[PDB]
Amino acid sequence: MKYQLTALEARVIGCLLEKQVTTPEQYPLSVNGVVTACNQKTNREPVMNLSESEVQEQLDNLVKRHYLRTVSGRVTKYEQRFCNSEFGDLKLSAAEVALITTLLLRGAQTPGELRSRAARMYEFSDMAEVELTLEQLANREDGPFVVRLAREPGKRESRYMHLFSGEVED
Amino acid sequence: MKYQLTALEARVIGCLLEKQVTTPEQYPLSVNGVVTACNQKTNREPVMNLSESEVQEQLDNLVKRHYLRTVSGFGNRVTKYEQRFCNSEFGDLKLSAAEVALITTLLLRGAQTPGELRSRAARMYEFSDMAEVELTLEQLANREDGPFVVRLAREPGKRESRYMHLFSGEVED
């Protein structure tokens, strides 16, 4: 299937993808864990401050679309079913989850940025590996998940952006 | 809990903990994926050659002891295996990404040095400095839910000591 997640659910999806790798002792996240992860001051562009009922609306919609699943602990925790599940067709490598997650949470970035900003979800040995992982995401037969943008002035690196939010222009 | 994991069980647990972080696209693992991971030539000490039924018997025992889980989906007859060892919902053992990385490398390759563990556990957790490696190891030894690693005495010339996990029972110098 194809995705056009809004910027809110792309953030919620990115938060659960991030905490699953960086903090496995708190995964799966509860509703409060999703609220806190969305409103973080670091590694979040743009910095948001969502209501509790706001992400709950987004948690429930992503559940009905089967991108999330509810786990009962009375507290209800949420696990990501966006990739690397036992049924879903979307299978990502550890490097691909890192680049995709950092793109959903931080928007359009360049391979130089994605190397350091995704280093804790996947340590890239060289800046070629971040460059091959992004290309692979764009030449997959499952459709492209990554697009390259036009170079910005005075810089030798062109930015990349995920395609789970639909149309991309520049 | 009390952990008396055999040499075979520690390798089985170590493989599933490793592939969960390194290869998320193939986790959970089938019985053949576990066999392949146990008999790997790289990142394994000792290098094993376990049969499939030898691995199936270990998987069956740890699933009963609630160290692993059987995942069964509709339409698919291939049974996959997830780890119940740490960071589950009912289980009490919680481990950070750095602690999972160090314990997994200790389960898979035996008694190792902090400088050794950093190079070999980086694909499961990139440490900032070796102080992080020694801080994580010293955490696992001083936690009140049980000592998880032990620090051995230094061999003649070494200026670093080796650490070993405590989930396989008795450890000596």
# chains A, B, ... in the order shown; residues from 1 in each chain; ligands from 1
>>> interface_residues(of="chain B", to="chain A", cutoff="9 Å", atoms="only C-alpha atoms", output="PyMOL selection string")
chain B and resi 21-28+71-74+80+86-90+93-97+100+122-126
>>> write_last_selection(atoms="N, CA, C and O atoms", output="tab-separated table (two decimals), in the first residue's frame")
chain	number	residue	atom	x	y	z
B	21	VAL	N	18.45	-6.21	17.03
B	21	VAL	CA	18.98	-4.86	16.85
B	21	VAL	C	19.69	-4.71	15.51
B	21	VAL	O	19.50	-3.72	14.81
B	22	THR	N	20.50	-5.70	15.13
B	22	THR	CA	21.31	-5.57	13.91
B	22	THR	C	20.47	-5.76	12.65
B	22	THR	O	20.59	-4.99	11.70
B	23	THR	N	19.61	-6.78	12.63
B	23	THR	CA	18.81	-7.13	11.46
B	23	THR	C	17.32	-7.12	11.82
B	23	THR	O	16.70	-8.17	11.97
B	24	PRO	N	16.73	-5.93	11.97
B	24	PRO	CA	15.30	-5.87	12.31
B	24	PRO	C	14.38	-6.35	11.20
B	24	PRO	O	13.22	-6.68	11.48
B	25	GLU	N	14.87	-6.41	9.96
B	25	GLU	CA	14.05	-6.87	8.84
B	25	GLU	C	13.86	-8.38	8.83
B	25	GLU	O	13.00	-8.86	8.08
B	26	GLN	N	14.63	-9.13	9.62
B	26	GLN	CA	14.49	-10.57	9.69
B	26	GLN	C	14.08	-11.05	11.07
B	26	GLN	O	14.06	-12.26	11.32
B	27	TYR	N	13.73	-10.14	11.97
B	27	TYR	CA	13.30	-10.48	13.32
B	27	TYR	C	11.78	-10.38	13.41
B	27	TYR	O	11.21	-9.39	12.93
B	28	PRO	N	11.09	-11.36	14.01
B	28	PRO	CA	11.61	-12.56	14.68
B	28	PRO	C	12.22	-13.59	13.74
B	28	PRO	O	11.92	-13.61	12.55
B	71	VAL	N	5.84	-16.95	18.06
B	71	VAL	CA	4.99	-16.04	17.30
B	71	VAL	C	4.42	-16.82	16.13
B	71	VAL	O	5.17	-17.37	15.30
B	72	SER	N	3.09	-16.90	16.06
B	72	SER	CA	2.39	-17.66	15.04
B	72	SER	C	1.37	-16.76	14.36
B	72	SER	O	0.43	-16.30	15.01
B	73	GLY	N	1.56	-16.52	13.07
B	73	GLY	CA	0.62	-15.73	12.30
B	73	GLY	C	-0.28	-16.61	11.45
B	73	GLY	O	0.01	-17.77	11.19
B	74	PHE	N	-1.40	-16.03	11.04
B	74	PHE	CA	-2.34	-16.75	10.19
B	74	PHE	C	-1.72	-16.99	8.81
B	74	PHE	O	-0.95	-16.17	8.31
B	80	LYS	N	8.11	-18.40	14.13
B	80	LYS	CA	9.19	-17.47	14.45
B	80	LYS	C	9.35	-17.36	15.96
B	80	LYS	O	8.47	-17.73	16.73
B	86	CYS	N	14.61	-9.70	27.87
B	86	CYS	CA	14.65	-8.37	28.46
B	86	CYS	C	13.67	-7.46	27.75
B	86	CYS	O	13.30	-7.69	26.59
B	87	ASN	N	13.24	-6.42	28.47
B	87	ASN	CA	12.40	-5.35	27.93
B	87	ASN	C	11.11	-5.90	27.31
B	87	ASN	O	10.73	-5.55	26.19
B	88	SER	N	10.45	-6.78	28.05
B	88	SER	CA	9.14	-7.28	27.69
B	88	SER	C	8.09	-6.60	28.57
B	88	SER	O	8.39	-5.70	29.36
B	89	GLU	N	6.84	-7.02	28.43
B	89	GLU	CA	5.78	-6.35	29.17
B	89	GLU	C	5.59	-6.94	30.57
B	89	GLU	O	5.53	-6.20	31.55
B	90	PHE	N	5.50	-8.27	30.67
B	90	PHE	CA	5.39	-8.90	31.99
B	90	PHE	C	6.75	-9.03	32.67
B	90	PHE	O	6.84	-8.93	33.90
B	93	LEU	N	13.13	-7.73	33.93
B	93	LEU	CA	14.48	-7.32	33.54
B	93	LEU	C	14.41	-6.24	32.48
B	93	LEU	O	13.99	-6.50	31.34
B	94	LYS	N	14.82	-5.03	32.84
B	94	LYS	CA	14.88	-3.90	31.91
B	94	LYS	C	16.34	-3.57	31.64
B	94	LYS	O	17.15	-3.48	32.58
B	95	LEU	N	16.68	-3.40	30.37
B	95	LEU	CA	18.05	-3.12	29.96
B	95	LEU	C	18.05	-1.99	28.94
B	95	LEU	O	17.25	-2.01	28.00
B	96	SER	N	18.95	-1.03	29.12
B	96	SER	CA	19.12	0.03	28.13
B	96	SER	C	19.74	-0.54	26.86
B	96	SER	O	20.19	-1.69	26.81
B	97	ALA	N	19.74	0.28	25.81
B	97	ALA	CA	20.35	-0.14	24.55
B	97	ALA	C	21.83	-0.45	24.73
B	97	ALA	O	22.37	-1.37	24.10
B	100	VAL	N	21.93	-3.86	26.69
B	100	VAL	CA	21.61	-4.96	25.79
B	100	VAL	C	22.80	-5.27	24.89
B	100	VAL	O	23.15	-6.44	24.68
B	122	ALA	N	29.50	-2.21	18.88
B	122	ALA	CA	29.14	-0.92	18.33
B	122	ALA	C	27.91	-1.01	17.43
B	122	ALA	O	27.10	-0.07	17.40
B	123	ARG	N	27.75	-2.11	16.70
B	123	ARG	CA	26.60	-2.25	15.81
B	123	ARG	C	25.29	-2.41	16.57
B	123	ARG	O	24.22	-2.24	15.98
B	124	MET	N	25.35	-2.73	17.86
B	124	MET	CA	24.17	-2.72	18.71
B	124	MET	C	24.07	-1.47	19.57
B	124	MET	O	22.97	-1.14	20.03
B	125	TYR	N	25.18	-0.77	19.80
B	125	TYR	CA	25.19	0.53	20.46
B	125	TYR	C	26.54	1.20	20.30
B	125	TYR	O	27.56	0.68	20.75
B	126	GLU	N	26.56	2.37	19.65
B	126	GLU	CA	27.79	3.14	19.51
B	126	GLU	C	28.04	3.92	20.80
B	126	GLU	O	27.25	4.80	21.16
>>> residues_around(residues="residue 144 (chain A)", least_positions_apart="3", cutoff="10 Å", atoms="only C-alpha atoms", output="VMD selection string")
chain A and resid 135 to 141 147 162 to 164
>>> write_last_selection(atoms="C-alpha atoms", output="PDB file, in the first residue's frame")
ATOM      1  CA  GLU A 135      19.679   5.763  -2.799  1.00  0.00           C
ATOM      2  CA  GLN A 136      18.390   2.285  -2.012  1.00  0.00           C
ATOM      3  CA  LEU A 137      15.301   3.764  -0.435  1.00  0.00           C
ATOM      4  CA  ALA A 138      14.676   5.616  -3.721  1.00  0.00           C
ATOM      5  CA  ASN A 139      15.291   2.793  -6.237  1.00  0.00           C
ATOM      6  CA  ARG A 140      13.218   0.166  -4.483  1.00  0.00           C
ATOM      7  CA  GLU A 141      10.514  -1.579  -6.425  1.00  0.00           C
ATOM      8  CA  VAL A 147      13.487  11.806  -2.875  1.00  0.00           C
ATOM      9  CA  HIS A 162      10.814  11.008   2.864  1.00  0.00           C
ATOM     10  CA  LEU A 163       7.750  10.260   0.733  1.00  0.00           C
ATOM     11  CA  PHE A 164       5.330   9.033   3.418  1.00  0.00           C
TER      12      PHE A 164
END
>>> residues_around(residues="residue 70 (chain A)", least_positions_apart="5", cutoff="10 Å", atoms="only C-alpha atoms", output="list in words")
residues 28, 30, 59, 60, 63, 76, 77, 78, 79 and 80 of chain A
>>> write_last_selection(atoms="N, CA and C atoms", output="PDB file, in the first residue's frame")
ATOM      1  N   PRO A  28       7.069  -0.873  24.498  1.00  0.00           N
ATOM      2  CA  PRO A  28       6.195   0.093  23.821  1.00  0.00           C
ATOM      3  C   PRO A  28       5.805   1.297  24.676  1.00  0.00           C
ATOM      4  N   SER A  30       3.402   4.332  26.157  1.00  0.00           N
ATOM      5  CA  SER A  30       2.015   4.597  26.515  1.00  0.00           C
ATOM      6  C   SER A  30       1.565   5.878  25.813  1.00  0.00           C
ATOM      7  N   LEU A  59      -3.249   8.353  17.376  1.00  0.00           N
ATOM      8  CA  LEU A  59      -2.960   6.960  17.699  1.00  0.00           C
ATOM      9  C   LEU A  59      -4.085   6.045  17.231  1.00  0.00           C
ATOM     10  N   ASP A  60      -5.337   6.478  17.400  1.00  0.00           N
ATOM     11  CA  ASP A  60      -6.469   5.630  17.037  1.00  0.00           C
ATOM     12  C   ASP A  60      -6.615   5.514  15.525  1.00  0.00           C
ATOM     13  N   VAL A  63      -4.112   3.201  14.268  1.00  0.00           N
ATOM     14  CA  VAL A  63      -4.444   1.826  14.626  1.00  0.00           C
ATOM     15  C   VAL A  63      -5.425   1.238  13.615  1.00  0.00           C
ATOM     16  N   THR A  76      -2.759   1.303  28.245  1.00  0.00           N
ATOM     17  CA  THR A  76      -2.651   0.839  26.869  1.00  0.00           C
ATOM     18  C   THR A  76      -1.376   1.405  26.257  1.00  0.00           C
ATOM     19  N   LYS A  77      -0.503   0.520  25.789  1.00  0.00           N
ATOM     20  CA  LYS A  77       0.738   0.903  25.135  1.00  0.00           C
ATOM     21  C   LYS A  77       0.645   0.610  23.642  1.00  0.00           C
ATOM     22  N   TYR A  78       1.459   1.322  22.867  1.00  0.00           N
ATOM     23  CA  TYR A  78       1.382   1.293  21.412  1.00  0.00           C
ATOM     24  C   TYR A  78       2.699   0.806  20.827  1.00  0.00           C
ATOM     25  N   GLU A  79       2.615  -0.182  19.942  1.00  0.00           N
ATOM     26  CA  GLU A  79       3.760  -0.686  19.198  1.00  0.00           C
ATOM     27  C   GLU A  79       3.613  -0.308  17.732  1.00  0.00           C
ATOM     28  N   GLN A  80       4.734  -0.004  17.086  1.00  0.00           N
ATOM     29  CA  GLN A  80       4.707   0.350  15.676  1.00  0.00           C
ATOM     30  C   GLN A  80       4.562  -0.907  14.826  1.00  0.00           C
TER      31      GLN A  80
END
>>> closest_residue(among="B:159, B:154, B:120, B:143", to="residue 102 (chain B)", atoms="only C-alpha atoms")
B:120
>>> select_by_dssp(residues="region 26-149 of chain A", states="helix (DSSP H, G or I)", output="VMD selection string")
chain A and resid 31 to 38 52 to 64 94 to 106 111 to 117 129 to 138
>>> write_last_selection(atoms="N, CA and C atoms", output="compact mmCIF listing (two decimals), in the first residue's frame")
# COMPACT_ATOMS: atom_id res chain seq x y z
N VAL A 31 0.35 6.34 26.12
CA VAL A 31 -0.13 7.58 25.52
C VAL A 31 0.70 8.76 26.01
N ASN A 32 1.14 8.73 27.27
CA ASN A 32 1.97 9.81 27.79
C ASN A 32 3.37 9.77 27.18
N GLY A 33 3.90 8.57 26.93
CA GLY A 33 5.19 8.47 26.28
C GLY A 33 5.18 9.02 24.87
N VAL A 34 4.05 8.88 24.16
CA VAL A 34 3.93 9.44 22.82
C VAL A 34 3.82 10.96 22.89
N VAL A 35 3.07 11.47 23.86
CA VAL A 35 2.93 12.92 24.03
C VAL A 35 4.29 13.55 24.31
N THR A 36 5.04 12.96 25.24
CA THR A 36 6.35 13.51 25.60
C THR A 36 7.32 13.43 24.43
N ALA A 37 7.31 12.31 23.70
CA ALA A 37 8.23 12.15 22.58
C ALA A 37 7.93 13.12 21.45
N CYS A 38 6.66 13.49 21.26
CA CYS A 38 6.32 14.43 20.20
C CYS A 38 6.73 15.85 20.56
N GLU A 52 -2.92 15.91 24.75
CA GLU A 52 -3.01 14.47 24.99
C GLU A 52 -4.09 13.85 24.12
N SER A 53 -5.26 14.49 24.05
CA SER A 53 -6.32 14.02 23.17
C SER A 53 -5.97 14.20 21.70
N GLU A 54 -4.99 15.06 21.39
CA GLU A 54 -4.61 15.26 20.00
C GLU A 54 -3.89 14.04 19.44
N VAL A 55 -2.88 13.54 20.16
CA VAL A 55 -2.17 12.36 19.68
C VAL A 55 -3.02 11.11 19.85
N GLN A 56 -3.94 11.11 20.81
CA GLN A 56 -4.86 9.98 20.95
C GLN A 56 -5.73 9.84 19.71
N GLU A 57 -6.17 10.97 19.15
CA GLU A 57 -6.86 10.94 17.86
C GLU A 57 -5.96 10.37 16.77
N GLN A 58 -4.67 10.69 16.82
CA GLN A 58 -3.74 10.18 15.82
C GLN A 58 -3.32 8.74 16.10
N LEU A 59 -3.25 8.35 17.38
CA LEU A 59 -2.96 6.96 17.70
C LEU A 59 -4.09 6.04 17.23
N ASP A 60 -5.34 6.48 17.40
CA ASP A 60 -6.47 5.63 17.04
C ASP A 60 -6.62 5.51 15.52
N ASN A 61 -6.40 6.61 14.80
CA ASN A 61 -6.49 6.56 13.34
C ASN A 61 -5.39 5.68 12.76
N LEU A 62 -4.18 5.78 13.30
CA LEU A 62 -3.10 4.92 12.84
C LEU A 62 -3.33 3.46 13.22
N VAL A 63 -4.11 3.20 14.27
CA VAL A 63 -4.44 1.83 14.63
C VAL A 63 -5.42 1.24 13.62
N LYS A 64 -6.46 2.00 13.26
CA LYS A 64 -7.45 1.51 12.31
C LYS A 64 -6.83 1.27 10.94
N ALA A 94 18.17 -1.82 9.53
CA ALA A 94 18.46 -0.93 10.65
C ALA A 94 18.93 0.43 10.16
N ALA A 95 19.73 0.46 9.10
CA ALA A 95 20.15 1.73 8.52
C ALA A 95 18.98 2.45 7.87
N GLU A 96 18.06 1.71 7.25
CA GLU A 96 16.94 2.35 6.58
C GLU A 96 15.93 2.91 7.57
N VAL A 97 15.71 2.21 8.69
CA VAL A 97 14.83 2.74 9.73
C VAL A 97 15.40 4.02 10.32
N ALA A 98 16.72 4.06 10.49
CA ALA A 98 17.37 5.23 11.07
C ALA A 98 17.19 6.45 10.18
N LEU A 99 17.45 6.30 8.88
CA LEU A 99 17.30 7.42 7.97
C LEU A 99 15.84 7.82 7.81
N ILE A 100 14.94 6.84 7.73
CA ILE A 100 13.52 7.16 7.57
C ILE A 100 12.99 7.85 8.82
N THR A 101 13.34 7.34 10.00
CA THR A 101 12.86 7.93 11.24
C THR A 101 13.35 9.37 11.40
N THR A 102 14.64 9.60 11.13
CA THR A 102 15.19 10.95 11.26
C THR A 102 14.59 11.91 10.24
N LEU A 103 14.15 11.39 9.09
CA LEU A 103 13.52 12.25 8.10
C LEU A 103 12.10 12.63 8.50
N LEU A 104 11.36 11.68 9.09
CA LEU A 104 10.00 11.99 9.54
C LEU A 104 10.00 12.98 10.69
N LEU A 105 10.99 12.88 11.59
CA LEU A 105 11.01 13.72 12.77
C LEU A 105 11.65 15.08 12.50
N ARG A 106 12.59 15.16 11.56
CA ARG A 106 13.36 16.38 11.34
C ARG A 106 13.19 16.95 9.94
N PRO A 111 22.66 14.22 3.57
CA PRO A 111 23.44 13.08 4.09
C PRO A 111 24.43 13.44 5.18
N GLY A 112 25.03 14.63 5.12
CA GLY A 112 25.91 15.05 6.20
C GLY A 112 25.18 15.20 7.52
N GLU A 113 23.97 15.75 7.48
CA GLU A 113 23.17 15.86 8.70
C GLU A 113 22.70 14.49 9.16
N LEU A 114 22.11 13.71 8.25
CA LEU A 114 21.56 12.41 8.61
C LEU A 114 22.59 11.47 9.21
N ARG A 115 23.88 11.68 8.93
CA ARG A 115 24.91 10.82 9.49
C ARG A 115 25.00 10.98 11.00
N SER A 116 25.05 12.22 11.48
CA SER A 116 25.18 12.45 12.92
C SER A 116 23.84 12.37 13.63
N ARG A 117 22.77 12.83 12.99
CA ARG A 117 21.47 12.92 13.64
C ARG A 117 20.76 11.57 13.73
N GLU A 129 28.03 5.25 3.13
CA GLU A 129 26.96 4.34 3.54
C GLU A 129 25.64 5.07 3.71
N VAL A 130 25.66 6.27 4.29
CA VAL A 130 24.45 7.09 4.37
C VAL A 130 23.98 7.45 2.97
N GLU A 131 24.90 7.52 2.01
CA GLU A 131 24.58 7.88 0.64
C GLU A 131 24.01 6.70 -0.14
N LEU A 132 24.49 5.48 0.13
CA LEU A 132 23.93 4.30 -0.52
C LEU A 132 22.59 3.91 0.10
N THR A 133 22.45 4.06 1.41
CA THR A 133 21.19 3.72 2.07
C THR A 133 20.05 4.62 1.58
N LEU A 134 20.35 5.90 1.35
CA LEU A 134 19.32 6.81 0.84
C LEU A 134 18.96 6.48 -0.60
N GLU A 135 19.96 6.12 -1.41
CA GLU A 135 19.68 5.76 -2.80
C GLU A 135 18.82 4.51 -2.88
N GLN A 136 19.11 3.54 -2.04
CA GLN A 136 18.39 2.28 -2.01
C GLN A 136 16.92 2.49 -1.68
N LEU A 137 16.67 3.41 -0.78
CA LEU A 137 15.30 3.76 -0.43
C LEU A 137 14.56 4.37 -1.62
N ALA A 138 15.28 4.92 -2.60
CA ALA A 138 14.68 5.62 -3.72
C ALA A 138 14.58 4.78 -4.99
>>> atom_distance(atom1="CA of residue 107 (chain B)", atom2="CA of residue 81 (chain A)")
29.2 Å
>>> select_by_dssp(residues="region 14-169 of chain A", states="strand (DSSP E)", output="MDAnalysis selection string")
chainID A and resid 29:30 68:72 76:80 146:148 160:162
>>> write_last_selection(atoms="C-alpha atoms", output="mmCIF file, in the first residue's frame")
data_model
loop_
_atom_site.group_PDB
_atom_site.id
_atom_site.type_symbol
_atom_site.label_atom_id
_atom_site.label_comp_id
_atom_site.auth_asym_id
_atom_site.auth_seq_id
_atom_site.Cartn_x
_atom_site.Cartn_y
_atom_site.Cartn_z
ATOM 1 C CA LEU A 29 5.209 3.657 24.703
ATOM 2 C CA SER A 30 2.015 4.597 26.515
ATOM 3 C CA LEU A 68 0.060 0.782 14.985
ATOM 4 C CA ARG A 69 -1.238 -1.906 17.320
ATOM 5 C CA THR A 70 -2.529 -1.622 20.878
ATOM 6 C CA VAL A 71 -0.949 -3.699 23.656
ATOM 7 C CA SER A 72 -2.696 -3.958 27.031
ATOM 8 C CA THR A 76 -2.651 0.839 26.869
ATOM 9 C CA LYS A 77 0.738 0.903 25.135
ATOM 10 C CA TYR A 78 1.382 1.293 21.412
ATOM 11 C CA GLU A 79 3.760 -0.686 19.198
ATOM 12 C CA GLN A 80 4.707 0.350 15.676
ATOM 13 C CA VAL A 146 13.147 8.968 -0.380
ATOM 14 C CA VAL A 147 13.487 11.806 -2.875
ATOM 15 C CA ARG A 148 16.465 14.081 -3.441
ATOM 16 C CA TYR A 160 16.636 14.364 0.926
ATOM 17 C CA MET A 161 13.061 13.968 2.130
ATOM 18 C CA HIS A 162 10.814 11.008 2.864
#
